[PDB]
Amino acid sequence: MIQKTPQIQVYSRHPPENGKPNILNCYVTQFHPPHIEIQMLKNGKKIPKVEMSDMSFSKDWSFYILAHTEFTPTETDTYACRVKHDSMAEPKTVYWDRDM
Amino acid sequence: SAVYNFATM
Amino acid sequence: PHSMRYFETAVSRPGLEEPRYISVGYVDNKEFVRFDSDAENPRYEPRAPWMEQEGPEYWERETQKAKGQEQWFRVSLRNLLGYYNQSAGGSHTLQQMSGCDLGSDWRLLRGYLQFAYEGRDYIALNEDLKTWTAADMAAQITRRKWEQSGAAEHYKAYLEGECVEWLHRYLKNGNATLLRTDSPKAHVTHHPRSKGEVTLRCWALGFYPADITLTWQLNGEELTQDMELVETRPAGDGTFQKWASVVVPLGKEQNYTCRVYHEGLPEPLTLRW
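**Student:** Honestly, empty space enclosed by the protein in this entry has me stumped. Any pointers?
**Tutor:** Sizing a probe to match a water molecule and rolling it over the atoms shows the empty space that remains. With the rule as written, the count across this model stands at 1 cavity of 30 Å³ or more. What lines the largest cavity is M55, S56, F57 and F63 of chain A together with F7, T9, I22, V24 and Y26 of chain C. Going through the elements one at a time, β6 (56-57) of chain A together with β1 (3-12) and β2 (20-27) of chain C are the ones with two or more residues in the lining of the largest cavity. Looking at the lining of the largest cavity element by element, the count peaks at 3 residues for β2 of chain C. Here the lining of the largest cavity is composed, by residue class, of 7 nonpolar, 2 polar and no charged.

What follows is the structure, given as structure tokens:
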């Protein structure tokens, strides 16, 4: 009675280059209340120092935000974004897909 | 320039 | 078709901490100012290079206004808990959108002053800048309250005055920046996502502003009968990205064309796998 289901989009800023550095982004959107917990996983393992952008909200009142951190793709090194919001009965975890 | 609200709600 | 807007937010969580107040200002959908009570030194801050033309006295004056809005919000937030007979135990959000629209002739076209509680419309100043529209029983209390104190004339004064005056100023110092663009650098990817079927993805990267349009079309009418199109998204560096793909029968991939529409681009872009 104070919320709306968050939308997640995980992706690198620069086209993914094995070994080559890169910034992983987790764009969370369409949520409300503006209380949200976002984590970036590296093989299920929480990634420290994960930058949170400044929050903002659309004319439909929902809020959006950009969580992000430096990473590096690599054939089998799996990444992800995990979100918990008082609008979903359980945290949503979406995995990165270099082709998206 | 930012708005300055009047009577509270 | 310029415009100015202040998106303010107040949120309360259980604890000894006063609610968090956030105000983001916009000139033509571009963030130019911002205040966050959660900062070490709460003060409105430049978010566009053209705003550094303003002096110290401007930033103080605005920071003081923020300070007062913060109290107005934390106070209002409490009145609403009352109106709604809510339990002081969870969290609550109070939002406001304020500003004004201008025509390219610098002429005011409309004023805006509306509020939301828990993400749902609450009370709004009608376009006549005189009457109110209240969403529910609680809002009826605020409506009555703002009618007797003559609140509208006040916001009305901001909307037809300050809002219009200062928006002219920014547009004047910031037209230089505002009119800038960053052309999208498109390209197409090939993904074996099937057998006897493949997925082509058109990409638009590093573009700005966020406005942009991507299309697919196997020469002839366009394709929306199997085209996926993600929401435009920020790169993190100030520009944005976006893509759209379509399933195609393996071996015809090269026969589909992608068109990218952006205004930083001298003309529409056409691309093939």
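**Student:** Which parts of the structure should I look at to understand the pattern of salt bridges?
**Tutor:** A side chain with one charge can pair with a side chain of the opposite charge if their charged atoms come near. Residue and element names in this part refer to chain C. Scanning the entire structure with this criterion turns up 16 salt bridges over all chains. Residue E31 is joined to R47 by a salt bridge in which the shortest nitrogen-to-oxygen separation is 3.3 Å. Taken together, the residues span a long stretch of sequence, with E31 in strand β3 (residues 30-36) and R47 in the loop between β4 (45-46) and α1 (56-83) at a distance of 16 residues. With a relative accessible area of 29%, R47 lands in the partly exposed category. The salt bridge involving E160 is made with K156; its shortest N-O contact spans 3.2 Å. Within this pair, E160 and its partner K156 are both found in helix α3 (residues 151-178), separated by 4 residues, close to a single helical turn. With relative accessibility at 43%, the residue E160 sits in the partly exposed group.

**Student:** Is there a simple way to explain the arrangement of the chains in this structure?
**Tutor:** With 2 pairs of chains in contact overall, the greatest share of contacts is found between chains A and C. One finds no contact between chain A and chain B; the C-alpha atoms of the two approach each other to within 17 Å at their closest.

**Student:** I tried to follow the environment of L171 of chain C on my own but got confused; where do I start?
**Tutor:** All names here are of chain C. Take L171: it is sitting in helix α3. Residue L171 is classed as buried on the basis of its relative accessible area of 3%. Taking C-alpha positions, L171 is 9.8 Å from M4, a pair spaced 167 residues apart along the chain. Not counting residues within four places of it along the chain, the set of residues in contact with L171 comprises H2, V27, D28, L102, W106 and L178.

**Student:** Sorry, what's going on with the sheet that holds strand β15 (residues 257-261) of chain C here?
**Tutor:** Each strand in a sheet pairs with its neighbour through backbone hydrogen bonds, running either in the same direction (parallel) or in the opposite one (antiparallel). Residues and elements named next belong to chain C. The strand order across the open sheet built from 3 strands is β11-β15-β16, with neighbouring strands paired in antiparallel fashion. Two strands lie at the open edges of the sheet, namely β11 (213-217) and β16 (269-272), each paired on one side alone. Taking each pair of neighbouring strands and ignoring which way they run, the sheet shows an average axis angle of 20 degrees. Pairing of β15 with β16 involves 4 bridges; the strand directions are antiparallel. Within the sheet, the bridge partner assigned to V260 lies in β16 and is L269.

**Student:** It is not clear to me how the interface of chain B and chain C should be interpreted in this structure. Could you clarify?
**Tutor:** Interfaces are often sized by the amount of accessible area the parts lose when they come together. Listed by partner, the interface residues are 9 residues for chain B and 32 residues for chain C. Across the interface of chain B and chain C, roughly 1800 Å² is buried in total on both sides, 60% from carbon and sulfur atoms. Taken together, chain B and chain C are joined by 0 salt bridges. Connecting chain B to chain C are 19 residue pairs in polar contact.

**Student:** Is there a simple way to explain the interface of chain A and chain C in this structure?
**Tutor:** Contact with chain A, which involves 26 residues of that partner, is made by 42 residues of chain C. Linking chain A with chain C are 3 salt bridges, by the criterion used here. Note that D237 of chain C is salt-bridged to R13 of chain A, the shortest N-O span being 3.9 Å. In this assembly, chain A and chain C are joined by 16 residue pairs in polar contact. Of all the secondary structure elements, the ones that give two or more residues to the side of chain A that touches chain C are β1 (7-12), β2 (22-31), β6 and β7 (63-71) of chain A. In the side of chain A that touches chain C, the residues fall into 14 nonpolar, 7 polar and 5 charged.

About the thresholds
- Residues numbered from 1 in each chain as written, not as in the entry; some residues may be left out.
- Chains lettered and ligands numbered in written order.
- Heavy atoms only, no water.
- 1 Å grid on protein atoms, 1.4 Å probe; cavity = no way out; pocket = protein on both sides within 12 Å on 5 of 7 lines; lining within 4 Å.
- Points joined across faces, edges and corners; volume = space filled by probe spheres on them.
- Helix = DSSP H or I, 4+ residues; strand = E, 2+ residues; numbered from the N terminus.
- Nonpolar A, V, L, I, M, F, W, Y, C, P; charged D, E, K, R; others polar.
- Salt bridge = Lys/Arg side-chain N within 4 Å of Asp/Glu carboxyl O.
- Buried < 20%, exposed > 50% of the residue type's maximum accessible area, 1.4 Å probe, protein only.
- Contact = heavy atoms within 4.5 Å.
- Pairing = 2+ DSSP bridges.
- Axes fitted to C-alpha atoms, helices over the stretch in contact; angles between N-to-C directions.
- Buried area = accessible area lost by both parts, 1.4 Å probe.
- Polar contact = N/O pair within 3.5 Å; in protein donor to acceptor, adjacent residues only side chain to side chain.

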